Structures are given as structure tokens and as C-alpha cells.
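Student: One file is attached below, query.txt, containing compact mmCIF, C-alpha atoms and all ligand atoms.
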```txt
# COMPACT_ATOMS: atom_id res chain seq x y z
CA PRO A 14 93.70 74.70 96.71
CA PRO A 15 92.28 75.98 100.11
CA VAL A 16 92.99 79.11 102.30
CA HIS A 17 95.80 79.51 104.84
CA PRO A 18 94.99 80.93 108.29
CA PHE A 19 96.84 84.22 107.93
CA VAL A 20 94.95 85.06 104.89
CA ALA A 21 91.49 84.01 106.03
CA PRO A 22 90.47 87.01 108.02
CA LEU A 23 91.06 89.18 104.88
CA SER A 24 89.22 86.68 102.75
CA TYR A 25 86.56 89.26 101.83
CA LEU A 26 88.96 91.33 99.69
CA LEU A 27 89.37 88.16 97.67
CA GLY A 28 88.39 88.45 94.05
CA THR A 29 88.13 90.94 91.21
CA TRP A 30 86.94 94.53 91.81
CA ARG A 31 86.11 97.06 89.06
CA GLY A 32 85.16 100.75 89.07
CA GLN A 33 86.54 104.25 88.60
CA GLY A 34 88.71 106.81 90.33
CA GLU A 35 89.17 110.48 90.50
CA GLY A 36 92.74 111.76 91.04
CA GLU A 37 93.39 115.41 91.93
CA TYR A 38 96.22 117.29 93.52
CA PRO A 39 97.02 120.85 94.26
CA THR A 40 99.39 120.60 91.31
CA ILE A 41 96.89 119.07 88.83
CA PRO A 42 93.08 119.15 88.15
CA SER A 43 90.21 116.74 88.49
CA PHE A 44 90.87 113.65 86.30
CA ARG A 45 88.99 110.34 86.12
CA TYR A 46 89.97 106.72 85.46
CA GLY A 47 88.51 103.27 85.28
CA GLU A 48 90.05 100.67 87.65
CA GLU A 49 90.49 96.89 88.02
CA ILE A 50 92.04 95.35 91.15
CA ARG A 51 92.43 91.59 91.80
CA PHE A 52 92.98 89.94 95.11
CA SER A 53 94.25 86.32 95.41
CA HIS A 54 96.33 83.48 97.03
CA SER A 55 97.82 80.04 96.64
CA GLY A 56 97.17 79.49 100.33
CA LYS A 57 100.38 80.97 101.69
CA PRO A 58 100.29 83.83 104.30
CA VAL A 59 100.29 86.31 101.31
CA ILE A 60 97.68 87.98 99.10
CA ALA A 61 98.80 88.76 95.53
CA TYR A 62 97.65 92.12 94.13
CA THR A 63 97.30 93.41 90.61
CA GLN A 64 95.74 96.73 89.69
CA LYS A 65 95.37 98.62 86.43
CA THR A 66 93.88 101.95 85.27
CA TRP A 67 92.58 102.92 81.79
CA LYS A 68 91.20 106.10 80.18
CA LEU A 69 87.41 106.15 80.41
CA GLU A 70 86.15 106.48 76.76
CA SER A 71 89.11 105.11 74.80
CA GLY A 72 89.94 103.53 77.48
CA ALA A 73 93.52 102.72 76.54
CA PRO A 74 95.53 101.40 79.46
CA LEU A 75 97.15 103.98 81.77
CA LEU A 76 99.10 102.52 84.78
CA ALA A 77 99.60 99.14 86.58
CA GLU A 78 100.59 97.62 89.92
CA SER A 79 101.32 94.19 91.04
CA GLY A 80 102.48 93.38 94.66
CA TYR A 81 101.96 90.96 97.64
CA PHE A 82 99.92 91.29 100.89
CA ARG A 83 101.52 89.46 103.95
CA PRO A 84 99.15 89.78 106.96
CA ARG A 85 99.77 88.84 110.60
CA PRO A 86 97.45 87.80 113.53
CA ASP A 87 98.41 90.84 115.60
CA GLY A 88 96.54 92.72 112.91
CA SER A 89 99.91 93.85 111.42
CA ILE A 90 100.52 93.82 107.68
CA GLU A 91 103.24 94.45 105.22
CA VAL A 92 102.59 95.09 101.59
CA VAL A 93 105.05 95.17 98.77
CA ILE A 94 103.88 97.01 95.59
CA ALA A 95 105.82 97.41 92.30
CA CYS A 96 104.90 100.24 89.79
CA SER A 97 104.83 100.21 86.06
CA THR A 98 105.99 103.86 86.35
CA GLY A 99 109.00 102.35 88.03
CA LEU A 100 108.36 102.58 91.75
CA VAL A 101 108.58 99.90 94.36
CA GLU A 102 107.19 100.46 97.84
CA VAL A 103 107.41 98.58 101.02
CA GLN A 104 104.24 99.63 102.85
CA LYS A 105 103.96 98.68 106.60
CA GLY A 106 100.51 99.26 108.32
CA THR A 107 97.57 97.34 109.91
CA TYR A 108 94.19 95.80 109.14
CA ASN A 109 91.11 95.80 111.44
CA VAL A 110 88.41 93.18 110.69
CA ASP A 111 85.39 94.81 112.10
CA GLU A 112 85.59 97.85 109.75
CA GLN A 113 87.17 95.70 107.05
CA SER A 114 90.03 98.02 106.07
CA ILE A 115 93.76 97.89 105.44
CA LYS A 116 95.89 101.05 106.17
CA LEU A 117 99.46 101.54 105.19
CA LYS A 118 102.13 104.27 104.96
CA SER A 119 105.29 103.74 102.95
CA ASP A 120 108.36 102.72 104.80
CA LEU A 121 110.72 102.62 101.81
CA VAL A 122 109.79 104.31 98.53
CA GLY A 123 112.30 103.42 95.81
CA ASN A 124 113.33 105.07 92.58
CA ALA A 125 111.35 108.05 93.81
CA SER A 126 111.78 111.20 91.89
CA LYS A 127 110.16 113.69 94.23
CA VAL A 128 107.94 111.20 96.10
CA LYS A 129 108.38 111.35 99.83
CA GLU A 130 105.70 109.11 101.34
CA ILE A 131 102.54 107.34 100.11
CA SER A 132 99.78 105.96 102.30
CA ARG A 133 97.26 103.54 100.71
CA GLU A 134 93.92 102.55 102.31
CA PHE A 135 91.60 99.78 101.12
CA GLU A 136 88.44 99.60 103.39
CA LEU A 137 85.19 97.94 102.34
CA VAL A 138 82.57 100.64 102.64
CA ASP A 139 79.00 99.55 101.86
CA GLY A 140 80.04 96.53 100.02
CA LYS A 141 82.57 98.06 97.68
CA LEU A 142 86.26 98.63 97.89
CA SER A 143 87.16 102.29 98.67
CA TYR A 144 90.77 102.67 97.57
CA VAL A 145 92.57 105.83 98.51
CA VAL A 146 96.20 106.72 97.89
CA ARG A 147 97.48 109.87 99.68
CA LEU A 148 100.87 111.35 98.78
CA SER A 149 103.60 113.70 99.76
CA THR A 150 106.11 115.27 97.42
CA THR A 151 109.23 117.30 97.87
CA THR A 152 106.92 120.33 97.91
CA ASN A 153 103.60 119.20 99.40
CA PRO A 154 102.65 117.54 102.72
CA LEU A 155 100.86 114.18 102.67
CA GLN A 156 97.28 114.54 101.46
CA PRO A 157 94.56 112.79 99.38
CA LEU A 158 95.71 112.30 95.79
CA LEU A 159 93.62 109.46 94.24
CA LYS A 160 90.43 107.91 95.51
CA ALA A 161 88.58 105.14 93.68
CA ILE A 162 85.46 103.08 94.12
CA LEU A 163 84.75 99.45 92.93
CA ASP A 164 82.39 96.44 92.71
CA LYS A 165 82.79 92.75 93.14
CA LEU A 166 83.47 90.66 90.04
CA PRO B 14 97.71 97.88 70.92
CA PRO B 15 101.24 98.25 69.65
CA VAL B 16 104.69 97.20 70.80
CA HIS B 17 106.28 100.58 71.47
CA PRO B 18 109.38 101.55 69.57
CA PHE B 19 111.16 101.52 72.91
CA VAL B 20 110.15 97.92 73.80
CA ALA B 21 110.02 96.23 70.41
CA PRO B 22 113.69 95.45 70.46
CA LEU B 23 112.89 92.96 73.31
CA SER B 24 109.67 91.55 71.67
CA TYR B 25 111.33 88.15 71.53
CA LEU B 26 110.36 87.72 75.22
CA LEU B 27 106.73 88.53 74.91
CA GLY B 28 104.57 85.66 76.11
CA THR B 29 104.32 82.80 78.65
CA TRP B 30 107.35 80.50 79.21
CA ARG B 31 107.37 77.25 81.25
CA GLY B 32 110.25 75.06 82.50
CA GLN B 33 112.10 74.11 85.70
CA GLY B 34 114.76 75.75 87.88
CA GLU B 35 117.32 74.36 90.25
CA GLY B 36 118.49 76.07 93.42
CA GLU B 37 121.82 75.58 95.28
CA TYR B 38 123.96 77.88 97.49
CA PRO B 39 126.71 76.87 99.87
CA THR B 40 124.28 76.57 102.79
CA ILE B 41 121.58 74.68 100.95
CA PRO B 42 122.08 71.81 98.68
CA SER B 43 120.62 71.35 95.20
CA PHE B 44 116.88 71.68 94.75
CA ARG B 45 114.31 71.70 92.00
CA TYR B 46 111.02 73.50 91.36
CA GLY B 47 108.73 74.04 88.43
CA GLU B 48 108.66 77.52 86.94
CA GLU B 49 106.71 79.84 84.71
CA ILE B 50 107.53 83.25 83.38
CA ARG B 51 105.27 85.56 81.50
CA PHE B 52 106.18 88.84 79.85
CA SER B 53 103.20 90.90 78.55
CA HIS B 54 102.52 94.64 77.53
CA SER B 55 99.77 97.11 76.89
CA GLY B 56 101.13 99.32 74.10
CA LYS B 57 103.19 101.43 76.62
CA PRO B 58 107.03 101.55 77.06
CA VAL B 59 106.98 98.68 79.55
CA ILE B 60 106.94 94.90 79.56
CA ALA B 61 105.04 93.48 82.44
CA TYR B 62 106.36 90.44 84.31
CA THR B 63 105.00 87.81 86.56
CA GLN B 64 106.68 84.57 87.68
CA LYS B 65 105.83 81.59 89.85
CA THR B 66 107.44 78.41 91.11
CA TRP B 67 105.83 75.21 92.35
CA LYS B 68 106.93 71.83 93.70
CA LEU B 69 107.57 69.29 90.98
CA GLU B 70 105.06 66.49 91.91
CA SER B 71 102.92 68.53 94.30
CA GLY B 72 103.02 71.00 92.21
CA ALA B 73 102.51 73.14 95.27
CA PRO B 74 103.14 76.79 95.61
CA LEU B 75 106.67 78.01 96.48
CA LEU B 76 106.88 81.59 95.31
CA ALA B 77 105.71 84.30 92.97
CA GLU B 78 107.45 87.46 91.86
CA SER B 79 106.26 90.26 89.57
CA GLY B 80 107.44 93.58 88.19
CA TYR B 81 107.94 95.89 85.21
CA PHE B 82 110.87 96.33 82.88
CA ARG B 83 111.88 99.67 81.50
CA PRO B 84 113.90 99.36 78.33
CA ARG B 85 115.40 102.49 76.82
CA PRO B 86 116.68 102.77 73.20
CA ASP B 87 120.16 103.54 74.46
CA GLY B 88 120.60 100.00 75.84
CA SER B 89 120.00 100.74 79.55
CA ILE B 90 117.05 99.02 81.23
CA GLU B 91 115.64 99.42 84.70
CA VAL B 92 113.62 96.69 86.38
CA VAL B 93 111.04 96.56 89.16
CA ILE B 94 109.99 93.82 91.40
CA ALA B 95 107.87 92.70 94.29
CA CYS B 96 108.52 89.51 95.39
CA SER B 97 106.25 86.83 97.39
CA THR B 98 108.59 86.57 100.42
CA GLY B 99 107.70 90.24 100.62
CA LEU B 100 110.90 91.87 99.09
CA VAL B 101 111.42 94.68 96.49
CA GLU B 102 114.31 95.04 94.03
CA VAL B 103 115.26 97.98 91.92
CA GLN B 104 117.00 96.20 89.14
CA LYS B 105 119.49 98.07 86.95
CA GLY B 106 121.33 97.20 83.74
CA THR B 107 121.72 96.85 80.01
CA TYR B 108 120.14 94.65 77.29
CA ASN B 109 121.54 93.26 74.05
CA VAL B 110 119.40 92.47 70.99
CA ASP B 111 121.69 90.10 69.29
CA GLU B 112 123.19 88.33 72.22
CA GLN B 113 119.51 88.31 73.24
CA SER B 114 120.49 89.18 76.86
CA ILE B 115 119.21 91.29 79.81
CA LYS B 116 121.88 91.65 82.49
CA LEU B 117 120.61 93.41 85.67
CA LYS B 118 121.85 94.13 89.20
CA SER B 119 120.24 95.65 92.25
CA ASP B 120 120.54 99.29 93.20
CA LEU B 121 118.08 98.83 95.99
CA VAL B 122 117.10 95.61 97.63
CA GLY B 123 114.36 96.65 100.05
CA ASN B 124 113.00 94.74 103.03
CA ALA B 125 115.86 92.33 103.31
CA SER B 126 117.33 90.96 106.41
CA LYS B 127 120.38 89.16 105.11
CA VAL B 128 120.35 89.86 101.37
CA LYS B 129 122.92 92.24 99.92
CA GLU B 130 123.09 92.16 96.24
CA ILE B 131 121.11 90.43 93.62
CA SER B 132 121.67 90.03 89.90
CA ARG B 133 119.28 88.73 87.30
CA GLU B 134 120.00 87.58 83.80
CA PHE B 135 117.58 86.50 81.16
CA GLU B 136 119.12 85.33 77.96
CA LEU B 137 117.94 83.31 75.04
CA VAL B 138 120.14 80.30 74.95
CA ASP B 139 119.46 78.07 72.00
CA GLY B 140 115.76 78.68 71.73
CA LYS B 141 114.67 78.88 75.39
CA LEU B 142 114.89 81.45 78.16
CA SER B 143 117.76 80.75 80.52
CA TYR B 144 117.09 82.56 83.87
CA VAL B 145 120.20 82.84 86.02
CA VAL B 146 120.13 84.49 89.45
CA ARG B 147 123.10 85.22 91.64
CA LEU B 148 123.13 86.41 95.19
CA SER B 149 125.35 87.86 97.86
CA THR B 150 124.51 87.84 101.56
CA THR B 151 126.01 89.33 104.64
CA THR B 152 128.34 86.27 104.56
CA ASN B 153 128.53 85.26 100.94
CA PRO B 154 130.04 86.77 97.81
CA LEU B 155 127.87 87.30 94.74
CA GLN B 156 127.65 83.65 93.57
CA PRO B 157 124.80 81.89 91.75
CA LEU B 158 121.72 80.59 93.42
CA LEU B 159 118.98 79.85 90.94
CA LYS B 160 119.18 78.54 87.36
CA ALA B 161 116.20 77.88 85.04
CA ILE B 162 115.86 76.97 81.34
CA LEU B 163 112.32 77.63 80.04
CA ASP B 164 110.59 76.80 76.82
CA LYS B 165 108.58 79.35 74.86
CA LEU B 166 105.11 78.07 75.43
BA BA A 201 93.42 88.74 117.28
BA BA A 202 83.73 99.89 106.80
BA BA A 203 120.52 102.03 69.85
BA BA A 204 122.15 84.33 73.16
```
Give the structure from this file in C-alpha cells form.

Tutor:
Amino acid sequence: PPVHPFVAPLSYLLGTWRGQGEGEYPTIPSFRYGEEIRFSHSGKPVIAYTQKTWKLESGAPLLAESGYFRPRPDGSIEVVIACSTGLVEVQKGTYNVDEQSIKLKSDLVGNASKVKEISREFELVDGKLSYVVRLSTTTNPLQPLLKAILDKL
Amino acid sequence: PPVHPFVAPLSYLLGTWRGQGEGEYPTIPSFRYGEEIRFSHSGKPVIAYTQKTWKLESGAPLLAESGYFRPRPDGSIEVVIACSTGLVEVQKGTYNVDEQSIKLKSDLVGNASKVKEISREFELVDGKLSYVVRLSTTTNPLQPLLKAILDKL
């Protein structure tokens, strides 16, 4: 199968990325994980997304996301991500093709304990995905929580 | 990595299951698609899910949907999903080891125009996974929509 036009200006994300992150909030201290994200399509105006963390040495699986990227020509995008931890999110946002990013903020966060708003940001810096999630809780304003780098499989 | 005491009651679902579905609602007549389900795990208290439909001779992509199930020992189970159309469900219900059934219903259907309720149902009928879906819109009662019969692969 071949690419559809909506998905072709984000065709660079396509494929398997692998690296490590460092999470860290005011409420918790520096912690580090490995990461694997996959980007794909069956040529609809949608990019499938699967992510997964694991503990570095062990590394027994931690967490896992799957979700779908639906981009539009106006540079608009909407992203729906499920959580193993039991979230769903409906992230609205945009993507710019010069810089090669995506940039979202949650619109609906569901089955959210104390989670107010999450804003994810996948930009290709220097050839590698640079995947940030910022977060707000019922007690802290939005700020950088995770941050992970990765390399093309 | 081991099937967690919480999950192992459901272990009869683990794996990849292929078959075909059939749609029909009062506004669309009967249809037919190929369909795969796969439940996996990673030794945590969650079964992962991923599903996809094609066109029977094409077999060209229709949709995908993927989430996470959260079984609890009590009986209660909460499901998560992000769907290809670009729609999230918080699924909520109750499984049943000996009837082999998982009856769920939506406590949050996010990013939906005209969709009001959804219920899923996975059961083992005589050897194979039946997958019955039922929907209600702005204009329709909760009536069935999709029905699939899959074969453990
Ligand atoms: Ba343009
Ligand atoms: Ba850049
Ligand atoms: Ba019991
Ligand atoms: Ba039965």
C-alpha cells in the first residue's frame, strides 16, 4: 500500500524510534526510562501510534500508549491517545513542516484522577524525535514532566 | 513475563483472532468487512488490544481501534479505546469467567458528533470470539450495529 495526501507531509515521523527518557516533577525525582514509539498508516488520513516504556537494566515493561494521528492541510491536527494506565485523551493542536514538529494540548482528558491538562510535543531535532509531555495536576500548573529522545529504526 | 493474578481469569482471550463482521443500522443496510482482534500483555494488570477491519476482496483498510482493558478481581472491568475515526471511549462493565463474557458500556464517548452511547460485548460463543457492538445516536435508541464471530488463530 501507498501514502495518502494528508499523511504525506508528516511522512518523516514514519517508522520505529527508540531511545530513553527522563521524567521529573516537583512531586517526584529524576527517573529514567527506555522508549519505543512507532509511527504508521494504511494510507488513510491517519497515523497510528504505539509507544512503550521499560525499566533500563531489567528493563521490564512500564507503560504503553496506542492512538491515531489525523492531520489536516491547514496544518491542524487531532490526536487520540489511549493509556494503559487507563487514560484517553483527545489532543487538538498543529504541525509545522519546516521545523518538523507536532504540538498538542489536551482538549478532553478522560478517567483523570487529578490530571487537568497534558500537552505533548514531537519535533524532529537534529534527526531524532524529541518527545516531551508537559502536565498539570489539581495542584500544579502545566509544566515539563517527561522528555525523551530517540533514533530511527 | 507472567499473566497477573488480576488478568489471568481472562487468559482465554490472549492472542490474535481473525474472522468477519457485518454492519447494519436503520440508516445503512447490511455490510461486511474482514476483521482481526488481538489481545496481548506484558506481565502487568492489563490486556492490550488492537483491532482492524478491511474490505473482503480488496482487502483494503476500513478502520483500526486499540485500547487497554482493566480487569479487577471483583468482576468489574474498565476499558480504554482510541479509535481510527479519531474517537475515544471509556468503557465500563463486568466480566464473567464461566459465561466467558465481557459486557461493557460507555461512561465517556469523547470526540463524537452524533454518537451517544456505545456498548461492547466480547463473549466466547462455541469456541470463537463473538464481538457484538450496539450504538445509540442523537436519533436512535441503543440498538446493534456491528456483529463479528472470530476464530482463535
Ligand atoms: Ba499549506
Ligand atoms: Ba526542528
Ligand atoms: Ba472473585
Ligand atoms: Ba459463553

Student: Work out how far atom CA of residue A:29 is from atom CA of residue A:140, in Å to one decimal.

Tutor: 13.2 Å

Student: With a distance cut-off of 7 Å and only C-alpha atoms, select the neighbouring residues of residue B:156, excluding the residue or stretch itself and same-chain residues fewer than 6 positions from it, and output the selection as a VMD selection string.

Tutor: chain B and resid 147 to 149

Student: Using all atoms listed in the file, determine which residues fall within 7 Å of ligand BA 201 (chain A), then list them as a list in words.

Tutor: residues 86, 87 and 88 of chain A

Student: List all protein, DNA and RNA residues that have any atom at most 10 Å from ligand BA 204 (chain A), counting all atoms listed in the file, and write the list as a count of residues only.

Tutor: 15

Student: How many Å lie between atom CA of residue B:62 and atom CA of residue A:56, rounded to one decimal?

Tutor: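 Going from atom CA of residue B:62 over to atom CA of residue A:56 covers 21.5 Å.
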
Student: Least-squares align chain A to chain B using all Cα atoms paired by position, then dump the moved coordinates as a short mmCIF file (atom, residue, chain, number, x, y, z; two decimals) with C-alpha atoms, keeping the file's coordinate frame.

Tutor:
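Heads up, here's the output in selection14.cif:
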```cif
data_model
loop_
_atom_site.label_atom_id
_atom_site.label_comp_id
_atom_site.auth_asym_id
_atom_site.auth_seq_id
_atom_site.Cartn_x
_atom_site.Cartn_y
_atom_site.Cartn_z
CA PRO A 14 96.64 97.00 70.90
CA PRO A 15 100.08 97.27 69.08
CA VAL A 16 103.75 97.54 70.32
CA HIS A 17 105.55 100.72 71.39
CA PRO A 18 109.07 101.39 70.05
CA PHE A 19 110.94 100.99 73.33
CA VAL A 20 109.55 97.62 73.82
CA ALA A 21 109.96 96.29 70.29
CA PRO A 22 113.57 95.29 70.34
CA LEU A 23 112.80 93.00 73.35
CA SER A 24 109.72 91.68 71.63
CA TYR A 25 111.13 88.14 71.59
CA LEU A 26 110.83 87.71 75.38
CA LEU A 27 107.15 88.34 74.83
CA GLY A 28 104.88 85.54 75.92
CA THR A 29 104.63 82.67 78.37
CA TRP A 30 107.68 80.53 79.24
CA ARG A 31 107.59 77.29 81.28
CA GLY A 32 110.27 74.95 82.64
CA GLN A 33 112.25 74.06 85.75
CA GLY A 34 115.05 75.37 87.91
CA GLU A 35 117.70 74.11 90.18
CA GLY A 36 118.63 76.33 93.16
CA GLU A 37 121.75 75.61 95.23
CA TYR A 38 123.92 77.61 97.55
CA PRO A 39 126.85 76.95 99.74
CA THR A 40 124.36 77.12 102.59
CA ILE A 41 121.77 74.71 101.10
CA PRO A 42 121.72 71.62 98.76
CA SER A 43 120.55 70.89 95.26
CA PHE A 44 116.77 71.57 95.01
CA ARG A 45 114.51 71.66 91.94
CA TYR A 46 111.42 73.63 90.93
CA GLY A 47 109.02 74.08 88.08
CA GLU A 48 108.73 77.64 86.68
CA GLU A 49 106.31 79.88 84.74
CA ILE A 50 107.30 83.38 83.58
CA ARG A 51 105.09 85.72 81.50
CA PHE A 52 106.23 88.67 79.50
CA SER A 53 103.79 91.38 78.26
CA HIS A 54 102.75 95.02 77.44
CA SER A 55 99.92 97.42 76.77
CA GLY A 56 102.21 99.23 74.36
CA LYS A 57 103.90 101.55 76.83
CA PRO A 58 107.76 101.61 77.17
CA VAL A 59 107.38 98.85 79.87
CA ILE A 60 107.23 95.04 79.94
CA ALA A 61 105.14 93.53 82.76
CA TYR A 62 106.61 90.42 84.43
CA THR A 63 105.05 87.67 86.47
CA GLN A 64 106.87 84.55 87.61
CA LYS A 65 105.92 81.65 89.84
CA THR A 66 107.57 78.45 91.15
CA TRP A 67 105.91 75.20 92.32
CA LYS A 68 107.13 71.90 93.82
CA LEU A 69 107.69 69.34 91.07
CA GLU A 70 105.46 66.31 92.00
CA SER A 71 102.83 67.94 94.21
CA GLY A 72 103.54 70.71 92.73
CA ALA A 73 101.96 73.08 95.22
CA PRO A 74 102.91 76.69 94.61
CA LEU A 75 106.20 77.92 96.13
CA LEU A 76 107.12 81.60 95.36
CA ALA A 77 105.98 84.47 93.04
CA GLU A 78 107.19 87.68 91.41
CA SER A 79 105.51 90.37 89.54
CA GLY A 80 107.40 93.53 88.29
CA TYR A 81 107.87 95.90 85.25
CA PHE A 82 110.60 96.09 82.54
CA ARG A 83 111.33 99.72 81.29
CA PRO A 84 113.91 99.55 78.45
CA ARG A 85 115.78 102.40 76.74
CA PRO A 86 117.35 102.84 73.22
CA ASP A 87 120.85 103.26 74.65
CA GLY A 88 120.44 99.62 75.57
CA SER A 89 119.85 100.66 79.23
CA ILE A 90 117.12 99.06 81.32
CA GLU A 91 115.55 99.34 84.69
CA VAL A 92 113.49 96.61 86.20
CA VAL A 93 111.31 96.77 89.24
CA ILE A 94 110.46 93.37 90.86
CA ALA A 95 108.22 92.75 93.92
CA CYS A 96 108.51 89.45 95.95
CA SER A 97 105.86 87.38 97.55
CA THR A 98 108.50 86.68 100.25
CA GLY A 99 108.35 90.41 100.79
CA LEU A 100 111.20 91.88 98.80
CA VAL A 101 111.16 94.68 96.31
CA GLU A 102 114.15 95.35 94.08
CA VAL A 103 115.06 98.10 91.78
CA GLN A 104 117.40 96.39 89.30
CA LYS A 105 119.42 98.67 86.90
CA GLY A 106 121.38 96.92 84.02
CA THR A 107 121.44 96.60 80.18
CA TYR A 108 120.15 94.51 77.30
CA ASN A 109 122.07 93.60 74.10
CA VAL A 110 119.97 92.49 71.09
CA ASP A 111 122.40 90.39 69.23
CA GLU A 112 122.84 87.86 72.09
CA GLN A 113 119.27 88.48 73.23
CA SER A 114 119.93 88.90 76.96
CA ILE A 115 119.03 91.23 79.80
CA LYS A 116 121.55 91.69 82.71
CA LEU A 117 120.86 93.44 85.94
CA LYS A 118 122.34 93.94 89.43
CA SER A 119 120.24 95.31 92.26
CA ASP A 120 120.54 98.94 93.03
CA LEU A 121 118.13 99.02 95.98
CA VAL A 122 117.08 95.80 97.72
CA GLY A 123 114.29 96.49 100.22
CA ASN A 124 113.05 94.69 103.30
CA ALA A 125 116.20 92.61 102.99
CA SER A 126 117.00 90.43 105.89
CA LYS A 127 120.56 89.44 105.07
CA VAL A 128 120.35 90.03 101.30
CA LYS A 129 123.06 92.31 100.02
CA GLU A 130 122.82 92.27 96.23
CA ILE A 131 121.02 90.19 93.58
CA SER A 132 121.87 90.07 89.89
CA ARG A 133 119.29 88.53 87.49
CA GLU A 134 120.06 87.51 83.88
CA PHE A 135 117.50 86.49 81.25
CA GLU A 136 119.29 85.59 77.91
CA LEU A 137 117.70 83.49 75.18
CA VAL A 138 120.05 80.58 74.68
CA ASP A 139 119.08 78.15 71.91
CA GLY A 140 115.56 79.25 71.81
CA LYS A 141 114.73 79.05 75.48
CA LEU A 142 114.92 81.50 78.30
CA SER A 143 117.95 80.89 80.60
CA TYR A 144 117.09 82.65 83.85
CA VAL A 145 119.79 82.99 86.43
CA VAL A 146 119.62 84.80 89.76
CA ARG A 147 122.97 85.24 91.59
CA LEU A 148 123.04 86.46 95.20
CA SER A 149 125.11 87.84 97.98
CA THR A 150 124.31 87.61 101.66
CA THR A 151 125.75 89.12 104.78
CA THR A 152 128.12 86.14 104.80
CA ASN A 153 128.70 85.14 101.17
CA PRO A 154 129.99 87.04 98.10
CA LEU A 155 127.77 87.28 95.01
CA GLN A 156 127.51 83.94 93.23
CA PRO A 157 125.08 81.69 91.28
CA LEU A 158 122.08 80.76 93.43
CA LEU A 159 119.20 79.74 91.08
CA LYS A 160 119.33 78.90 87.41
CA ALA A 161 116.27 77.87 85.40
CA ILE A 162 115.44 76.85 81.87
CA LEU A 163 112.13 77.36 79.91
CA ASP A 164 110.10 76.95 76.69
CA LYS A 165 107.78 79.15 74.74
CA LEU A 166 104.06 78.89 75.46
#
```

Student: Just need the residues of chain B within 6 Å of chain A, counting only C-alpha atoms, so spit them out as a ChimeraX atom specification.

Tutor: /B:80-81,94-95,97,99

Student: Counting only C-alpha atoms, which residues come within 8 Å of (100.1, 108.0, 100.0), with the point read in the file's coordinates, and could you list them as an NGL selection string?

Tutor: :A and (118-119 or 130-133 or 145-149 or 155-158)

Student: Leaving out residue B:106 and any residue of its chain fewer than 5 positions from it, which residues lie within 8 Å of it when counting only C-alpha atoms, given as a count of residues only?

Tutor: 7
